[PDB]
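Data first, discussion second: the structure below is written as structure tokens.
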Ligand SMILES: CCCCCCCCCCCCCCCCCC(=O)OC[C@H](COP(=O)(O)OCCN)OC(=O)CCCCCCCCCCCCCCCCC
Ligand SMILES: NC(=O)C1=CN([C@@H]2O[C@H](COP(=O)(O)OP(=O)(O)OC[C@H]3O[C@@H](n4cnc5c(N)ncnc54)[C@H](OP(=O)(O)O)[C@@H]3O)[C@@H](O)[C@H]2O)C=CC1
Ligand code: SF4
Ligand code: SF4
Ligand code: SF4
Ligand SMILES: [Zn+2]
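Protein chains in written order, with the authors' numbering: chain r, 3 to 43, 50 to 69, 91 to 113; chain R, 31 to 113; chain D, 79 to 463; chain P, 39 to 377; chain C, 45 to 242; chain Q, 51 to 166; chain G, 147 to 291; chain W, 18 to 131; chain V, 5 to 116; chain I, 35 to 41, 48 to 212.
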């Protein structure tokens, strides 16, 4: 909330719309005291869902040369904004 | 003297600390406040004691008020229950 | 020449540096940065602390990027355990990881300027950073070193109003960037101070292990969020801002773009965050819920053991790197079967960058060195560890 | 808890609580540092402003040092300070006589009161510090007064330790310095050209280590002591030693004590702090003392430190730049006297 | 709660591990792709510059950047320190670990020639663990105090050191002092005695 | 190359340990014993080298336990007697090896308690 | 075991009795593992303890309240894996992770039983047996504990 | 048994380095006292140097003496340069630390630790 | 043609097809002095051959690049020149030999 | 996807010299700072309008008490076994009611890190970490809190704590 002249002073001097993007929170802010929530929570044997025990001790290990992995696909310029 | 003693002996040099100062000591001893509470009468042989709350109190343990001889006391609240 | 030890207390840089310099008249002949002024022993102490009680060591390595440091450890401990975080948690880590990249860049661009002498950009953005802290405080409880991205997920769900408030901040933040944009991008004074200063050639950047915007600023194509994706970044779309003429300016322009690209990623995360729980719920790894531990015995035992003893991650070793705002932050965690780690080498994007200062700042005067440290975004917590 | 229970150092304890009254000035800041490094509690009574007692707060560890306000006019400040102590040390002493306090008060009346309460509180030791060569009719207002008090102390609280130190040198001293300061005003106007008067100077630490050893030494009870120091030097030579080490030109033009007496009078008039005064002038020129039979630092366990050694530290400031870097072997060699 | 993993990688990298082992038979003692899908080529200490040069400059394995150099100290092993070099290939989007063993008194070579990133990391390994790097330009303490005695990250070094600092008025300097801690660090013996079924 | 030397590789001077903590201090190689309170034998399998117990005293101000033994919380863990004696000799500490105490085989049978 | 619970029903409770001034039997903890009954009958020859009742209210406590008075008594604490009956003097003075454990020798009696002295912050908190096949094989006297 | 040499092969060869360091330090002590405005005398300091170079005077494993030199030289670099302030250098003199007594009766009389 | 190879240092190289042929051909030779059956010679000669095979099969740079699957050709060269240096360096370090020394016992057992 | 960031007719040449000679481009910055003196400062009146916080804000510790008046802490030692700064010492006894309570409790608030690993581990909600952050002290001793500077502390903010616990309990 500022005198229109003063704010047009800031819109003209800035060059950008300034009533729209406020750096100050007036009603933009969510009010506090949000209603209480209720967070979301057979054959559920832990032996089937064992992440910890699933891992194994490390594997120890004419012919054609092999790269560590297929060469990285080169990226391509962005469609929306190629140059900025 | 704190609810747990701690009172410094007059000779203790550890008393200078409180000179030009004083001693932080809570006046509300839980040994007595819990005694200033009505024994919770119950009908059932065993009773629960969530600490007067679900998830805002203490872990829920079932106490055996089976002998009037003894009012079960949940090890967490110190609340005596009168069968 | 003249050995002027740049001030350890000097207001420039991050105030934990010495940088003995040889002054060949006005220009600086050589730099020998003497870091160690903030070596608290982070890696030694972690060996004596359980995996949960070491997470905090991490948000305090690069205090500007809080939750991304943690996201590394959290990824490293998860891989050792072969468990993955639940879907909502992965989006929350990407949501918080992008808020940290905006806040690191607001830190790096604005503090570089005050070193240069521009004072207002810092004040306008820092108010925008206090708004962002509030988001950390309103999800974790602290405005810093939140300890929110824990192994298996985040510690607690997002509060009921956070995503609306993150939209309102992201909605208006873009104007704040180009407001700094108009202030510094075209100014004669900034371009002269920044352009063609500390040019680093592409092969030299890879050889010196720069691995960050310093790597991308010279035109090398590597982000680690699109090369080796972590979490759910594979499901969010963004453009890496690479640059040519590897000079401070191109590096500045890249940092301003990543703030803009992060708003694009934050936009997707709010639009597509899944309903679900925030922590994997095999109680062996992530602690049982407050109601469950107070009503079911298996949960009390699992809470007692997890808090008192620990996860006991299976024996192994892993190097997991995530794109922290500064650059590649990696933890080499060596683990015996015990609940507390055996070694935790924190690779700091910054130990490599500060080494480059002598090569990058050659044929440069005293004032250029202030810009050279500024464009490495070095915070000495990560370097000193 | 008089049982020291720890490896020597901070965080140990040697179990001796103490009230060191003059711990705002020159000697007490070292006493607290030794009593303190000896990890003994120290109730430091301060009438000063806290901003000036901070320099004392680190010379100790968590809880070791306790502060409380005391004003000599009123007791109960003396009483509560000494209430829980077992050791008491008296370091009160002022060169000039401020309008509110006379050599009477700072050297007799007060130490008496402190010792009064000391005995009343049951403290075992009342280490008291009176000046060396300081007896009745010693032709100096203070020294005479100082001895009068020594009696008052002994009377009220017998079995008290009484140290009588020689001139005390060491950083922030007003001995070497007073002489050094002469550089500012003309040249050293030494009476007797500085000859005919000899002074034994002792380092502050040597006295401080002695007071600390005495607080903890059993045989020290009811024992007077004189901390004379290693070498006896004639005044002219010591001013010349202060110069050369000060690296500023020296001129020992003479004059009679009576003139300088009248002179300092004016300096004393200075409201804040006399640069010099009749009493000081006297204790410098006329004051001369030969210890004869008193235990001393060696007896109490300190090897008196010669002035030849620790004089850089206290005069390296008084040099102009371009001389500041001057080392010690370069300093004009000194020489000792017997007389 | 079971990592989403790609078996393609295990195989592809395993295959590279055999490739590196075939190309350099003289220095590689054991190659293994762990189940975390990462690769580790363990080399004799003498192979530090040959193995890393082959990886930095080979068309089928370009490993341009040194992610980090660190040394785990297993006190039991005869050669306690286990220097580990983690390297990244921007070209093939993959990472490798070359780890070699060094004792207290046997130095290993310096890769500063192969990667200039290591100039600092090698100084930190010397300061932290005491491993010495041969023909290393300017090896000297990176992180510890100028006068520090002892190598801190060694498992045999006390957490809290032996010296601490304080300002002593009597000497007007920050003086060291044997360490006295007001609360020893309670060492918790938290480690279960029931082992997990593998 | 390959010079020959005959020392017990005393690195006592490369370690950096203050003399008094390398001279008057006895390591005690031993395989930790089981916590009678539990029956898990996973904490009695690796040899540990712990140092002597020196003064643990009380902080006068808060009553906490204080100490001046820098090497107090030190429990190096080895995998065999041989590798622990080596480390102690390597660092110049005095050792007191204690042989392992594995329970001997005690024959157990269910039916036995039914005899008469 | 299992990450979660499926027991949505009501738990049971037994009645704490007094077995002596050394053993605190908060026996609602008991997993009816009958180690106590056996030790009491096979190592210490005092057959005072026993099981009473069938079903889910089998409580392993003395039918009449007669204290378990015998040497070798405190071993029940160490041998009950559950914390149903534990030591009354060392009731709540500590918690095991903190206790620093130093292995030493029994001096109260001449059998020289091996023992582990558990010390926290410098005062002994409990002495529990450590196994010596020949001298004390996992057991220590009521006196030396 | 066989061991690779760090830098020197025989103890004698190495000692050549040990002396090339002694000299260096000796010729430096004077400089330090003046540069770092230390207060101890040239003689006094030079004494310390010998003490140290002497403290280590019992090892015979060349590799160890090859290693202590290096550590030794590094300490010069810092001291030659002023990378080390007065505090650092003066720490070699235990100025505040009260030297611990050694006599048994002198220890029994204080501190339960041996 | 190409105004600037993205990477800062690498500068546009005219005659890409030529520079390469020379570097690749030199290499195909340095490998010759390697022991008959040395993995390096057997594999690096397998690669260098395929690239020389395309360097001469296709005359359009941009095209060539896709085939060599490198970055800008100015890079395919940077690499061709380094392999040559490794090839020279490898022939001295003689990596093909039998292992220098087997690890001491238990020098690679992590759960220690 | 990658994006380039930094990659003459007289009309253009004059335009370039009109932006170098009659600087017109440092003017687009001066008007940019002129756009901000006329806006409302964000500064809050500090002592009178303290900034905004959340019920999750972790500050000064406090020991909650059961409504009856019975201390909630049952000396588990589940809160120093996790406290990473190694700050807590809670030596306990049977309190002579037969109950189970502390004789000792401690935080050294010059070691604590306000991580809240003690409020989430406590199975009874005894130790919390309140929303204080104005408790600076002129001395070192006033930060080594004892059980009575945490219990009467918790006898102070319990009207203000419980609202925030009840406000966040579900999310926890
Ligand atoms: C044909 C008719 C007869 C002939 C008539 C005369 C011939 C035509 C004359 C045309 C004159 C054009 C303007 C010339 C004067 C302006 C100063 C100038 O020449 O510019 C120098 C400098 C340019 O900077 P740069 O882009 O780096 O150029 C050098 C590149 N190597 O500029 C700078 O960078 C200086 C920047 C310093 C910081 C400036 C900050 C802003 C200042 C705002 C001031 C606002 C108030 C000004 C008015 C005050 C009035 C009292
Ligand atoms: N060379 C020397 O200094 C020698 C000293 N002595 C004796 O040793 C004692 C200590 O000397 P020194 O410390 O240098 O003397 P100071 O001038 O430093 O005064 C000693 C302390 O006494 C306090 N004090 C002075 N006057 C009063 C007063 N009226 N009421 C309360 N406190 C007061 C001062 O604190 P505040 O700032 O609050 O006044 C000061 O901290 C002296 O009494 C002196 O007689 C003996 C021989 C030589
Ligand atoms: S041993 Fe412990 S648990 Fe097993 S029965 Fe006897 S008491 Fe119940
Ligand atoms: S505070 Fe909570 S956790 Fe810490 S002891 Fe008391 S109850 Fe157990
Ligand atoms: S907050 Fe973290 S640090 Fe402070 S006490 Fe609770 S746990 Fe220990
Ligand atoms: Zn209850």
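Backbone N, C-alpha and C fix where the C-beta goes; we use that ideal spot for every residue, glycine too.
Asked                                                                                                                       : Found
Test item: CB-CB of residue 170/P and residue 232/P under 7 Å                                                               : no
Other residues of its chain near residue 71/R: CB distance less than 6 Å, five sequence neighbours each side excluded       : 112
Residue 114/I beta carbon near ligand 4 (any heavy atom closer than 6 Å)                                                    : yes
Short-range partners of chain R found in the region 379–408 of chain D, where Cβ spacing is below 8 Å                       : none
Pick from 285/G, 168/G, 291/G, 289/G that is closest to residue 188/G, judged by C-alpha positions                          : 285/G
Those residues which DSSP pairs with residue 101/D across a bridge                                                          : 80/D, 106/D
Inter-stretch contact (C-beta, 8 Å, three-pair minimum) for the region 245–264 of chain D and the region 420–431 of chain D : no
Below-7 Å beta-carbon distance, residue 108/R vs any chain I residue                                                        : yes
Inter-stretch contact (C-beta, 8 Å, three-pair minimum) for the region 181–195 of chain P and the region 148–156 of chain P : yes
First through last residue of the beta strand (DSSP E) which encompasses residue 264/G                                      : 260–266
For residue 233/G, three-class secondary structure by DSSP                                                                  : strand
Chain G residues whose Cβ lies nearer than 8 Å to that of residue 167/Q                                                     : Residue 167/Q is absent from the structure shown; chain Q starts at 51 and stops at 166.
Chain C residues whose Cβ lies nearer than 8 Å to that of residue 100/W                                                     : 190
Residue 125/I Cβ short of 6 Å to ligand 5 heavy atom set                                                                    : yes
Reference residue 363/P, options 34/W, 105/W, 49/W, closest by Cα                                                           : 49/W
Closer than 6 Å: residue 110/P CB and nearest ligand 2 heavy atom                                                           : yes
Near-chain R residues of the region 158–175 of chain G (beta-carbon distance less than 9 Å), N- to C-terminal order         : 158, 159, 160, 161, 162, 172, 174
Residues bridged to residue 65/V [DSSP beta-bridge criterion]                                                               : Partner(s): none; residue 65/V has no beta bridge.
Alpha carbon of residue 219/D to alpha carbon of residue 238/D, nearest angstrom                                            : 15 Å
Neighbourhood of ligand 1 [Cβ distance below 6 Å to any heavy atom], ordered by chain position                              : 266/D, 60/I, 61/I, 62/I, 63/I, 66/I
Whole-angstrom distance between residue 343/D and residue 35/I, CA atom to CA atom                                          : 14 Å
Where residue 43/R falls, given that 16 or more other Cβ within 10 Å makes a residue buried                                 : buried
Cβ-based burial, residue 61/P [other Cβ within 10 Å; buried from 16]                                                        : buried
The region 103–112 of chain W in contact with the region 212–226 of chain C per 3-pair CB rule at 8 Å                       : yes
Under 7 Å from the C-beta of residue 62/V: neighbouring residues of chain C                                                 : Here the premise fails: no neighbours, minimum Cβ distance about 18 Å.
Stretch-stretch touch, CB-based, cutoff 8 Å, three pairs: the region 92–112 of chain R with the region 107–114 of chain D   : no
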